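Enquirer: Provided herewith is a single structure, encoded as structure tokens, for subsequent inquiry.
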Amino acid sequence: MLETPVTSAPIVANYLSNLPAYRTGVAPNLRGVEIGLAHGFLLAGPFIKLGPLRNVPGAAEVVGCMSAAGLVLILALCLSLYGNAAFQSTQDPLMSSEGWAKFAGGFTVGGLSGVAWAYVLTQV
Amino acid sequence: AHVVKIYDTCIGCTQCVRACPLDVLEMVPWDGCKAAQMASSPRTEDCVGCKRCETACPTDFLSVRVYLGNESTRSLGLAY
Amino acid sequence: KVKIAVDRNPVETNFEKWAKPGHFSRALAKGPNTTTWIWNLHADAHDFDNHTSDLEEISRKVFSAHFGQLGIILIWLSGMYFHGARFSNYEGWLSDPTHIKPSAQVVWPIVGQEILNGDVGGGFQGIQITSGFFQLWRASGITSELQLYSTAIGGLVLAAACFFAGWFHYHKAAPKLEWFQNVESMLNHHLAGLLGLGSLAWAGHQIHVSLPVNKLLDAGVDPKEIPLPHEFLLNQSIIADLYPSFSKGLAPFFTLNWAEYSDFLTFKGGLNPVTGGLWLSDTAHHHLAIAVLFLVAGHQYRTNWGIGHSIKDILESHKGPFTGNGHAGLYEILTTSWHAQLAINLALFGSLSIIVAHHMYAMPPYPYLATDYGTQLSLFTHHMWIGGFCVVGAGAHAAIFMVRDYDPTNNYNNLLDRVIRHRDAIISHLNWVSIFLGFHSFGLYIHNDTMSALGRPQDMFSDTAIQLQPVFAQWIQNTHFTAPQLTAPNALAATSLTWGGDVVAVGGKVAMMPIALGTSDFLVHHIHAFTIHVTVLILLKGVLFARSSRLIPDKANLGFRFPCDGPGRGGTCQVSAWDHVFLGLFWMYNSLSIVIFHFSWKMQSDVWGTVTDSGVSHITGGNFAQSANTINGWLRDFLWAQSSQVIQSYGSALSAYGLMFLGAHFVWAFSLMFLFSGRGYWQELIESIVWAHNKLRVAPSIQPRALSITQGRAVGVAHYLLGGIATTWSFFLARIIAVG
Amino acid sequence: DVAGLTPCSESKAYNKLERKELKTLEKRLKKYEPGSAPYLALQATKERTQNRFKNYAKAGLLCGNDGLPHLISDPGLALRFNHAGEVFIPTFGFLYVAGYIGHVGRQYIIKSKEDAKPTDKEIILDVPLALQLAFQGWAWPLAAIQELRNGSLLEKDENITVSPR
Amino acid sequence: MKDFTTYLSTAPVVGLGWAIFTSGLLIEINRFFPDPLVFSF
Amino acid sequence: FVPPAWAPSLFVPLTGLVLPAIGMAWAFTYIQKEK
Amino acid sequence: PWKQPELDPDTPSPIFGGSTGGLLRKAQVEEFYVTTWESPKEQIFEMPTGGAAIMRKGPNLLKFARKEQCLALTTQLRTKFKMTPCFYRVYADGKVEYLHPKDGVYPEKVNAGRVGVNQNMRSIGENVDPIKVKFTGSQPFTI
Amino acid sequence: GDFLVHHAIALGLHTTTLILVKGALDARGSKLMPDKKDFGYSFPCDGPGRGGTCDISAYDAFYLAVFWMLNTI
Ligand code: CLA
Ligand code: CLA
Ligand code: CLA
Ligand code: CLA
Ligand SMILES: CC1=C(/C=C/C(C)=C/C=C/C(C)=C\C=C\C=C(C)\C=C\C=C(C)\C=C\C2=C(C)CCCC2(C)C)C(C)(C)CCC1
Ligand SMILES: CC1=C(C/C=C(\C)CCC[C@H](C)CCC[C@H](C)CCCC(C)C)C(=O)c2ccccc2C1=O
Ligand code: SF4
């Protein structure tokens with residue numbers, strides 16, 4: 001109820017409007033793909049930096065990439081669990097059960113694609 | 001929700017209803033007391049079990065008793 | 001407009017109310033029937049807001065109580081001076097301050113406690129004092145015990161005068177409410193007279209008395225052969241020989257040629273190499289400048305002569321567009337509510353005490369103060385704890401003001417109303433900040449401990465593996481080391497030795513030296529910030545949710561100090577603002593305990609020690625760079641490596657520290673039964689004891705009852721704080737006296 | 001020579017402990033001139049230590065393997081080895097004093113209840129009455145057993161406040 | 001006088017008087033009988 | 001009889017990662033199971 | 001009272017800014033409570049969900065998420081200004097329930113029209129032991 | 001020293017016994033709560049009324065006796 005200049009800013013409003021979570025202009029698969037790509041690309045960062053094999057060149061990036069892929073898979077499993085255990089009962093298709101399942105599938109597809117993209121960028 | 005039970009030792013002093021912060025008790029006509037009033041709980045589903053009515057009871061032991069159990073959204077005092 | 005308003009004899013000095021214990025409140029006026037009355041007698045004694053609804057009587061009681069506390073303080077100071085006059089070796093300490101320990105408390109040989117009178121040196125036996133009173137008296141020019149005797153007698157006389165003044169200003173001539181409400185006159189007189197005039201008087205004492213005595217003491221002459229301060233005051237030849245500018249005789253002051261005063265009003269920032277303290281000329285010019293600034297500031301507010309500033313006009317004028325009524329109703333709040341002023345005074349007093357502790361360990365403003373490691377450690381810890389207690393009492397009395405003296409009519413769209421209106425966002429953001437700080441500090445410590453126990457020293461957050469150096473603190477240290485070089489060219493050296501430079505030592509013991517900052521220092525500083533943030537969150541949640549909340553909408557009607565609202569809504573135990581302060585007291589204790597542990601370890605490892613030809617050999621050998629990064633390092637290299645002096649102190653003069661350590665452990669453990677448990681168990685136990693005494697017909701007329709839940713929480717937190725404080729006190733003092 | 005222990009006078013560790021204490025007291029004493037108050041204080045401490053060590057010996061006290069005296073608590077065994085003055089006589093004396101306290105408190109509780117507002121007398125003590133009961137408690141066991149005999153010491157279970165079952 | 005006497009007749013004041021009396025008695029006994037342990041006449 | 005040498009390399013990650021993960025998944029579905 | 005009043009959503013809210021402890025998502029998922037009163041003049045009162053507001057000269061309507069907040073506001077208005085307000089409960093589907101003045105005379109009175117329910121006609125302490133009522137689902141105080 | 005620590009053990013055992021038998025004997029009723037049988041074995045309190053009634057169930061007596069047992073062992 002308490003409106004604030006930062007919450008009601010038009011720049012903030014249009015920045016949150018075109019986000020994949022609040023766009024409401026596409027299938028949940030595309031939003032999940034974008035979410036997985038972005039979050040996997042950022043999550044690969046701390047893993048290629050400070051892992052136990054960070055002193056060993058070459059293998060550090062590979063180990064961090066598989067750790068990021070495992071974290072992405074764990075997040076996808078928790079997303080699927082939340083979708084199955086949250087929307088099991090009675091206009092946005094994301095809030096639906098199978099819509100959230102498709103969102104989770106897009107999320108894991110985007111996560112592995114972003115992990116592979118981060119591996120390519122670190123190799124180059 | 002919780003269970004509010006009122007016994008015949010009540011003197012109809014209306015202190016429990018004034019101490020109630022959720023409007024659970026009420027005063028009904030009676031003949032077993034000098035004040036001709038008896039406490040009732042027609043809205044026990046809204047009681048949270050705060051035991052504020054028991055503090056205001058002037059009689060020895062308690063003429064009104066609150067027993068907790070089977071908490072709900074109204075009984076847990078949740079605004080969410 | 002501003003004038004003295006005094007009623008003549010409103011209260012008669014009669015002992016008829018001393019016979020009745022419960023008289024200030026109508027609840028206790030009926031007499032006692034249970035034992036919880038007695039505690040209620042000792043709990044609502046100073047609750048003057050509950051005794052009467054009249055602000056004038058409350059203000060008169062506050063004035064009288066302040067006079068009584070000043071009388072008590074002056075009695076304590078006079079007793080300290082008397083103990084220094086008679087049962088002390090101050091004259092022996094003046095001959096050789098680097099070899100005779102300061103002692104001012106002597107015990108009576110009764111049951112074997114005469115072993116506590118240790119060999120402090122100078123042919124004296126007593127307890128090694130850590131108050132630093134010897135260094136304060138040396139900084140004040142006190143030489144003989146006659147001056148200490150005169151100071152003690154004057155302190156007793158002024159204490160009696162203040163005690164009679166309290167009696168007079170309450171019973172005989174009681175000021176009215178309009179007299180107390182003149183905040184502009186109070187501020188002007190306090191800035192100009194209480195602070196500025198006292199600063200000028202102390203500056204004049206330093207110029208005319210303390211500086212020549214300190215200069216002659218640093219010259220190495222006999223203190224008995226030092227001329228008396230009145231000889232410096234009257235005869236100008238000695239003061240001209242010691243300082244040629246005194247030969248002018250007040251000429252440069254009234255001719256604006258103040259540079260001629262540069263010989264005895266210096267700017268040589270740093271430590272005196274002769275004594276390891278601050279330069280007395282620097283302190284003289286400092287107190288003179290402070291006096292000038294405060295006399296300037298004391299002519300700011302308008303009282304009776306047209307010119308000046310109006311506090312209400314200033315507060316109402318400072319209103320922005322993002323705040324609505326900016327500082328609108330605060331003038332009426334602070335002129336009618338004693339508790340808001342109490343919160344402000346306690347917060348600023350505690351913060352200033354913390355500042356005093358930090359800037360006193362940094363610059364020792366006393367001759368032969370830094371050499372006495374125990375005095376510096378005790379003073380830092382004492383001011384630290386007093387500041388913490390004051391800043392938690394600030395939150396307590398702010399919550400009391402929120403419950404009692406808050407009026408929604410005067411606060412519609414002002415700043416207090418908007419703070420209440422977004423208190424949930426405030427508490428949520430503070431909770432997130434506290435959680436993030438605790439994670440990225442304590443989890444870092446746990447990470448270091450795990451990777452140490454897993455045999456991965458390269459995976460640790462240490463000074464050798466992962467360099468999380470404090471680049472901002474190091475940059476500030478480097479900039480302040482170059483402060484006399486470019487930005488303050490009139491200073492002879494740096495303002496303190498902590499920024500950098502060389503090592504100043506007195507008598508073979510290091511007085512001050514540069515302090516290096518590493519990853520462990522960053523970790524403990526962020527830990528301290530986290531603990532302060534959590535305590536701030538607790539006290540702010542107590543203050544802002546004191547009136548109402550989503551859980552309890554009518555918390556204001558329940559009062560400030562209530563135990564609970566029953567087990568309803570899942571349970572409302574410890575929901576009051578008083579319980580919030582009771583919870584935050586432990587967090588303040590934990591924060592300040594970690595702070596003083598960091599101070600003691602850091603100054604024992606990287607500051608204190610001895611100075612030989614090879615270099616500076618510290619007390620602990622500088623293990624803080626390699627041991628402070630893990631919890632096990634504090635467990636072993638700080639708590640187990642030290643505290644061996646406390647446990648081996650038996651049979652020596654330090655054995656009282658070990659006994660006090662054991663008693664403090666006992667009180668800390670005994671507090672937990674009041675912190676845990678409840679009231680019904682002890683009530684039924686008391687019922688069984690009542691049956692036992694009724695069998696023998698020895699049941700008291702006053703019915704024994706268990707302590708109240710609020711009372712039990714208060715007893716638990718008080719015994720817990722006392723036990724922890726005395727444990728740290730005994731451990732610190734024994735360790736710093738035996739090896740220091 | 002009970003419990004496999006030796007008397008303090010016959011023991012060697014007792015004399016060794018006394019010698020060590022005298023040695024450290026003399027080491028503390030040697031740092032002060034004889035014409036100083038700490039010298040007289042340490043001399044008085046040494047004299048008190050010597051007097052205490054002499055009084056602990058030749059008094060029946062015995063120590064085992066450490067020179068620290070031991071106390072025998074069983075009556076009869078302490079009676080036939082002159083160890084009754086260790087704990088047996090002090091426990092009787094403490095029982096006498098504790099009965100004095102209990103009798104004085106009982107007399108003040110009973111004697112301040114037959115008046116209006118007994119809690120006022122409980123909170124503001126009748127000092128002459130308290131002193132009179134203080135000086136009248138020298139025969140506490142006689143009055144206690146007499147109150148037991150006449151039944152006024154104990155209350156019946158009908159007038160006693162009792163918790164529900 | 002009688003009001004001050006009743007103030008002195010209050011429980012903390014008489015407890016304080018008992019405290020000084022008992023403490024002084026025990027301290028003087030310990031001083032004039034230095035460190036006894038066993039009752040030996 | 002004697003387990004192979006790779007048994008600590010397989011059973012420990014199974015009962016430390018996989019088995020607790022499937023247990024928490026089953027428990028989470030059981031907690032939020034609605035009619 | 002004689003006739004149960006019907007709430008009006010078009011009644012003006014009291015003059016107030018933004019509240020942080022206001023209605024949460026439960027207001028659009030579960031029931032929420034609405035308090036109405038009749039102010040003869042404009043004055044400043046203190047809400048239980050935040051700071052202070054100003055009521056309008058006329059009907060005044062406020063919304064809360066808890067019945068305890070509604071009764072706290074009701075008793076504050078009755079003790080401070082003798083306002084006699086009344087609050088309804090509105091569910092997610094729009095069902096309106098009359099809550100505080102069930103007979104319109106407030107529960108402090110009697111009105112000789114309320115039937116006392118949940119009243120045990122035996123004295124407290126005369127209830128049977130829990131061993132007497134075992135494996136039956138009936139509590140000793142529920143008989 | 002063995003004698004003193006044995007008496008400490010006796011103190012711990014007797015105190016834990018005191019707490020546990022006070023919880024068991026006053027389980028179904030007491031003067032502060034005559035109807036303690038109707039509230040079950042593990043109930044929090046009766047509220048702040050009658051001076052305060054927290055930790056009045058026999059479960060709370062057991063939970064304090066756990067602390068005392070831990071100290072004794
Ligand atoms: C420049 C004049 C002056 C001075 C020096 C003071 C000094 C003081 N005031 Mg005061 N005040 C003044 C004017 C002054 N006041 C005016 C004009 C008003 C009315 C608007 C007040 C209203 C006021 C209140 C309401 C309170 C004080 C209090 C205090 C004390 C603060 C505690 C402290 O710092 O301890 C410093 C202590 C010392 C330095 C020890 C020596 C103290 C000596 C005896 C005081 C001498 C100064 C005195 C004002 C001279 C006039 C009195 C004369 C008739 C004998 C302090 C003694 C507090 C208090 O009650 O404390 C008792 C308090 O609550 N002041
Ligand atoms: C509060 C602080 C303070 C005090 C008390 C003093 C006091 C003194 N200083 Mg110092 N001084 C100070 C601050 C202070 N100064 C500061 C800040 C500086 C700046 C660097 C100096 C720099 C300085 C220098 C360089 C020298 C002094 C000197 C002096 C003396 C000369 C006094 C004088 O002529 O002043 C003016 C004094 C008066 C006008 C007297 C006041 C009026 C009297 C009291 C009226 C009495 C009337 C009364 C009713 C009648 C008597 C009553 C009786 C019959 C019962 C004096 C002892 C000089 C010195 O020691 O040589 C003697 C000297 O060389 N001082
Ligand atoms: C500037 C100083 C100052 C002043 C003037 C006040 C004034 C007041 N406070 Mg505040 N307070 C302060 C500082 C101050 N406080 C600080 C620093 C804290 C934090 C510790 C608090 C915490 C606090 C709370 C939590 C409460 C108050 C309350 C009160 C009121 C009554 C106090 C009372 O009756 O106590 C009477 C005196 C006592 C109860 C004695 C206390 C003794 C303590 C517990 C133990 C002392 C230990 C001692 C150091 C060592 C003993 C060892 C032993 C072996 C002898 C009064 C308005 C109360 C109130 O109702 O406010 C309106 C209240 O609830 N204050
Ligand atoms: C050492 C014991 C301990 C710990 C860990 C905590 C932890 C916490 N308390 Mg505290 N508290 C304690 C004792 C402790 N408390 C005591 C004794 C009291 C009584 C005075 C309180 C009183 C108290 C109050 C009054 C408040 C807290 C708050 C908090 C929270 C602050 C979060 C934070 O900054 O750190 C983050 C948490 C940690 C660093 C925990 C350390 C454990 C590791 C490092 C985390 C990861 C573990 C592991 C890797 C994951 C395992 C996964 C799986 C196997 C389980 C957090 C939950 C505040 C709150 O609610 O939040 C702001 C608050 O208001 N507590
Ligand atoms: C010899 C001896 C011993 C032993 C002992 C014994 C064995 C005992 C027993 C005992 C017993 C077995 C007892 C019983 C009892 C019972 C009862 C039942 C009681 C009662 C009591 C009473 C009742 C009291 C009272 C009182 C009071 C408290 C107060 C007032 C006074 C009077 C006294 C009255 C020993 C070795 C240890 C030590 C040494 C010595
Ligand atoms: C133990 C305990 C009690 C019982 C404690 C009581 C009744 C207080 C007892 C105080 C005593 C009477 C103080 C005086 C003790 C001595 C008799 C005085 C000193 C004697 C020597 C000088 C000889 C509570 O009432 C309680 C309430 C709420 C939370 C926790 C607890 C709690 O833990
Ligand atoms: S009585 Fe005790 S346990 Fe019960 S709500 Fe109050 S504080 Fe909590």
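Here, A, B, ... name the chains of the structure tokens in the order displayed, residue numbers run from 1 inside each chain, and ligands are numbered from 1 in the same displayed order.
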Within 8 Å of ligand 5, which residues show up when you count only C-alpha atoms and all ligand atoms? List them as a list in words, please.

Expert: residues 696 of chain C; 73, 74, 75, 87, 88, 91, 92, 98, 99, 100, 101, 102, 103, 104, 105, 106, 140, 141, 144, 145, 147, 148, 153 and 154 of chain D

Enquirer: Keeping N, CA, C and O atoms for every residue in the selection just given, could you write it to a file as an mmCIF file, in the first residue's frame?

Expert:
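Saved file again05.cif follows:
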data_model
loop_
_atom_site.group_PDB
_atom_site.id
_atom_site.type_symbol
_atom_site.label_atom_id
_atom_site.label_comp_id
_atom_site.auth_asym_id
_atom_site.auth_seq_id
_atom_site.Cartn_x
_atom_site.Cartn_y
_atom_site.Cartn_z
ATOM 1 N N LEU C 696 5.032 -26.958 60.474
ATOM 2 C CA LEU C 696 5.757 -26.506 61.651
ATOM 3 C C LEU C 696 5.228 -25.192 62.205
ATOM 4 O O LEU C 696 5.817 -24.658 63.150
ATOM 5 N N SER D 73 34.848 -38.170 60.610
ATOM 6 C CA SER D 73 33.477 -37.737 60.841
ATOM 7 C C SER D 73 32.625 -38.740 61.608
ATOM 8 O O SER D 73 31.618 -38.338 62.199
ATOM 9 N N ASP D 74 32.988 -40.017 61.609
ATOM 10 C CA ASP D 74 32.168 -41.018 62.287
ATOM 11 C C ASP D 74 32.301 -40.871 63.795
ATOM 12 O O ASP D 74 33.422 -40.920 64.318
ATOM 13 N N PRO D 75 31.204 -40.677 64.525
ATOM 14 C CA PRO D 75 31.282 -40.687 65.987
ATOM 15 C C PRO D 75 31.629 -42.073 66.498
ATOM 16 O O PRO D 75 31.351 -43.088 65.855
ATOM 17 N N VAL D 87 34.844 -32.446 64.081
ATOM 18 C CA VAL D 87 33.537 -32.153 63.506
ATOM 19 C C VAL D 87 32.406 -32.444 64.483
ATOM 20 O O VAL D 87 31.329 -31.850 64.374
ATOM 21 N N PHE D 88 32.630 -33.352 65.438
ATOM 22 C CA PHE D 88 31.537 -33.816 66.290
ATOM 23 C C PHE D 88 31.023 -32.707 67.202
ATOM 24 O O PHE D 88 29.815 -32.448 67.260
ATOM 25 N N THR D 91 29.579 -29.763 65.019
ATOM 26 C CA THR D 91 28.264 -30.031 64.443
ATOM 27 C C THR D 91 27.174 -29.871 65.494
ATOM 28 O O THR D 91 26.096 -29.342 65.202
ATOM 29 N N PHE D 92 27.450 -30.299 66.730
ATOM 30 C CA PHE D 92 26.515 -30.071 67.829
ATOM 31 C C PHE D 92 26.343 -28.583 68.108
ATOM 32 O O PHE D 92 25.223 -28.119 68.357
ATOM 33 N N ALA D 98 21.588 -23.262 65.062
ATOM 34 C CA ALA D 98 20.510 -23.337 64.081
ATOM 35 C C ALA D 98 19.155 -23.496 64.755
ATOM 36 O O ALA D 98 18.161 -22.912 64.310
ATOM 37 N N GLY D 99 19.093 -24.285 65.832
ATOM 38 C CA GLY D 99 17.876 -24.356 66.616
ATOM 39 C C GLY D 99 17.538 -23.048 67.299
ATOM 40 O O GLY D 99 16.360 -22.716 67.448
ATOM 41 N N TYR D 100 18.558 -22.295 67.725
ATOM 42 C CA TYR D 100 18.334 -20.943 68.234
ATOM 43 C C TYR D 100 17.668 -20.067 67.176
ATOM 44 O O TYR D 100 16.686 -19.369 67.461
ATOM 45 N N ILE D 101 18.186 -20.111 65.943
ATOM 46 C CA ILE D 101 17.620 -19.306 64.858
ATOM 47 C C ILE D 101 16.188 -19.730 64.573
ATOM 48 O O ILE D 101 15.292 -18.890 64.419
ATOM 49 N N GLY D 102 15.951 -21.042 64.500
ATOM 50 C CA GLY D 102 14.617 -21.537 64.208
ATOM 51 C C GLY D 102 13.613 -21.204 65.295
ATOM 52 O O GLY D 102 12.480 -20.820 65.001
ATOM 53 N N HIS D 103 14.018 -21.336 66.561
ATOM 54 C CA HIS D 103 13.124 -21.015 67.667
ATOM 55 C C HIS D 103 12.818 -19.524 67.721
ATOM 56 O O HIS D 103 11.673 -19.134 67.973
ATOM 57 N N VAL D 104 13.825 -18.677 67.485
ATOM 58 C CA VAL D 104 13.596 -17.234 67.484
ATOM 59 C C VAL D 104 12.667 -16.838 66.340
ATOM 60 O O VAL D 104 11.732 -16.046 66.527
ATOM 61 N N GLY D 105 12.887 -17.403 65.150
ATOM 62 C CA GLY D 105 12.008 -17.113 64.027
ATOM 63 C C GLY D 105 10.592 -17.614 64.238
ATOM 64 O O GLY D 105 9.627 -16.935 63.881
ATOM 65 N N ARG D 106 10.447 -18.805 64.829
ATOM 66 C CA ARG D 106 9.124 -19.340 65.128
ATOM 67 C C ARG D 106 8.399 -18.487 66.160
ATOM 68 O O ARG D 106 7.196 -18.228 66.027
ATOM 69 N N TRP D 140 16.354 -22.877 73.700
ATOM 70 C CA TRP D 140 15.559 -23.346 72.565
ATOM 71 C C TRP D 140 15.212 -24.840 72.570
ATOM 72 O O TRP D 140 14.058 -25.155 72.225
ATOM 73 N N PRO D 141 16.100 -25.799 72.905
ATOM 74 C CA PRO D 141 15.668 -27.203 72.802
ATOM 75 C C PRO D 141 14.622 -27.579 73.831
ATOM 76 O O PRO D 141 13.742 -28.396 73.529
ATOM 77 N N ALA D 144 11.377 -26.234 72.529
ATOM 78 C CA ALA D 144 11.015 -26.971 71.321
ATOM 79 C C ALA D 144 10.423 -28.333 71.661
ATOM 80 O O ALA D 144 9.357 -28.705 71.147
ATOM 81 N N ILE D 145 11.084 -29.091 72.539
ATOM 82 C CA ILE D 145 10.555 -30.406 72.882
ATOM 83 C C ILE D 145 9.306 -30.283 73.747
ATOM 84 O O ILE D 145 8.436 -31.159 73.707
ATOM 85 N N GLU D 147 6.995 -27.873 73.303
ATOM 86 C CA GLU D 147 5.966 -27.626 72.300
ATOM 87 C C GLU D 147 5.629 -28.896 71.531
ATOM 88 O O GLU D 147 4.478 -29.089 71.122
ATOM 89 N N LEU D 148 6.623 -29.762 71.316
ATOM 90 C CA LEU D 148 6.347 -31.072 70.732
ATOM 91 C C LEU D 148 5.487 -31.922 71.661
ATOM 92 O O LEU D 148 4.592 -32.644 71.204
ATOM 93 N N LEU D 153 3.691 -27.454 68.630
ATOM 94 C CA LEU D 153 4.762 -27.304 67.651
ATOM 95 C C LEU D 153 4.282 -27.664 66.250
ATOM 96 O O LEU D 153 4.702 -27.045 65.265
ATOM 97 N N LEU D 154 3.396 -28.648 66.144
ATOM 98 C CA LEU D 154 2.926 -29.153 64.862
ATOM 99 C C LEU D 154 1.457 -28.807 64.677
ATOM 100 O O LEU D 154 0.678 -28.820 65.634
#

Enquirer: Can you list, as an MDAnalysis selection string, every protein, DNA or RNA residue that comes within 9 Å of region 51-60 of chain B when you count only C-alpha atoms, leaving out same-chain residues fewer than 5 positions away?

Expert: (chainID B and resid 9:11 13:21 25 65:66) or (chainID C and resid 565:568) or (chainID H and resid 46:50)

Enquirer: Just the selected residues (C-alpha atoms), exported as a PDB file, in the first residue's frame, please.

Expert:
ATOM      1  CA  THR B   9     -19.315 -20.262  39.352  1.00  0.00           C
ATOM      2  CA  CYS B  10     -19.418 -17.153  37.141  1.00  0.00           C
ATOM      3  CA  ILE B  11     -20.930 -14.095  38.826  1.00  0.00           C
ATOM      4  CA  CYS B  13     -19.162  -9.428  36.249  1.00  0.00           C
ATOM      5  CA  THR B  14     -18.535  -8.990  32.470  1.00  0.00           C
ATOM      6  CA  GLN B  15     -14.770  -8.662  33.046  1.00  0.00           C
ATOM      7  CA  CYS B  16     -13.884 -11.587  30.764  1.00  0.00           C
ATOM      8  CA  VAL B  17     -15.777 -10.065  27.829  1.00  0.00           C
ATOM      9  CA  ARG B  18     -14.100  -6.686  28.340  1.00  0.00           C
ATOM     10  CA  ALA B  19     -10.707  -8.409  28.541  1.00  0.00           C
ATOM     11  CA  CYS B  20     -11.403 -10.395  25.358  1.00  0.00           C
ATOM     12  CA  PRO B  21      -9.446  -8.951  22.391  1.00  0.00           C
ATOM     13  CA  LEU B  25     -17.622 -14.150  25.053  1.00  0.00           C
ATOM     14  CA  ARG B  65     -11.364 -21.951  30.877  1.00  0.00           C
ATOM     15  CA  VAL B  66      -9.537 -21.963  27.541  1.00  0.00           C
TER      16      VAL B  66
ATOM     17  CA  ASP C 565      -0.162 -12.189  26.213  1.00  0.00           C
ATOM     18  CA  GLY C 566      -0.743 -15.869  26.937  1.00  0.00           C
ATOM     19  CA  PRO C 567      -0.016 -18.880  24.731  1.00  0.00           C
ATOM     20  CA  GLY C 568      -2.489 -17.644  22.123  1.00  0.00           C
TER      21      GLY C 568
ATOM     22  CA  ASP H  46      -2.013 -21.022  31.306  1.00  0.00           C
ATOM     23  CA  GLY H  47      -1.020 -17.471  30.351  1.00  0.00           C
ATOM     24  CA  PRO H  48       0.165 -14.521  32.440  1.00  0.00           C
ATOM     25  CA  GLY H  49      -2.792 -14.834  34.808  1.00  0.00           C
ATOM     26  CA  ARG H  50      -2.379 -15.678  38.495  1.00  0.00           C
TER      27      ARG H  50
END

Enquirer: Define the interface residues of chain B facing chain C as those within 8 Å, counting only C-alpha atoms, and report them as a list in words.

Expert: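 Residues of chain B within 8 Å of chain C, counting only C-alpha atoms: residues 48, 49, 50, 51, 52, 71, 75, 76, 77, 78 and 79 of chain B.
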
Enquirer: With only C-alpha atoms as the basis for distance, which of C:34, C:190, C:363, C:524 is at the shortest distance from chain H?

Expert: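 Nearest candidate to chain H out of C:34, C:190, C:363, C:524: C:34.
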
Enquirer: Distance limit 7 Å, reference ligand 2, atoms considered: only C-alpha atoms and all ligand atoms. Which residues make the cut? Give them as an NGL selection string.

Expert: :C and (200-201 or 203-205 or 207-208 or 232-236 or 245-250 or 253 or 261 or 265 or 288)

Enquirer: Neighbouring residues of ligand 6 are defined here as those with any atom at most 12 Å from a ligand atom, counting only C-alpha atoms and all ligand atoms; list them as a PyMOL selection string.

Expert: (chain C and resi 34-36+38-39+563+669-687+689-690+703-717+719) or (chain E and resi 12+15-16+18-20+22-23) or (chain H and resi 48+51-56+64)

Enquirer: Just list as a PyMOL selection string whatever in chain A DSSP marks as alpha helix (DSSP H).

Expert: chain A and resi 10-17+28-47+59-86+97-123

Enquirer: May I have the residues within 9 Å of ligand 4, computed using only C-alpha atoms and all ligand atoms, as a ChimeraX atom specification?

Expert: /C:430-447,530-531,533-535,537-538,541,580,582-587,590

Enquirer: If we count only C-alpha atoms, what is near residue 1 (chain E) at a cut-off of 12 Å, once residues fewer than 3 positions away on the same chain are taken out, given as a list in words?

Expert: residues 14, 15, 16, 18 and 19 of chain C; 4, 5, 6, 7, 8 and 9 of chain E

Enquirer: Residues within 7 Å of ligand 1 should be enumerated using only C-alpha atoms and all ligand atoms and returned as a list in words.

Expert: residues 62, 63, 64, 66, 67, 70, 158, 162, 179, 180, 182, 183, 185, 186, 189, 190, 192, 193 and 194 of chain C

Enquirer: At a cut-off of 9 Å, using only C-alpha atoms, what residues contact residue 85 (chain D)? Leave out same-chain residues fewer than 6 positions from it and give the result as a PyMOL selection string.

Expert: (chain D and resi 78-79) or (chain E and resi 38-41)
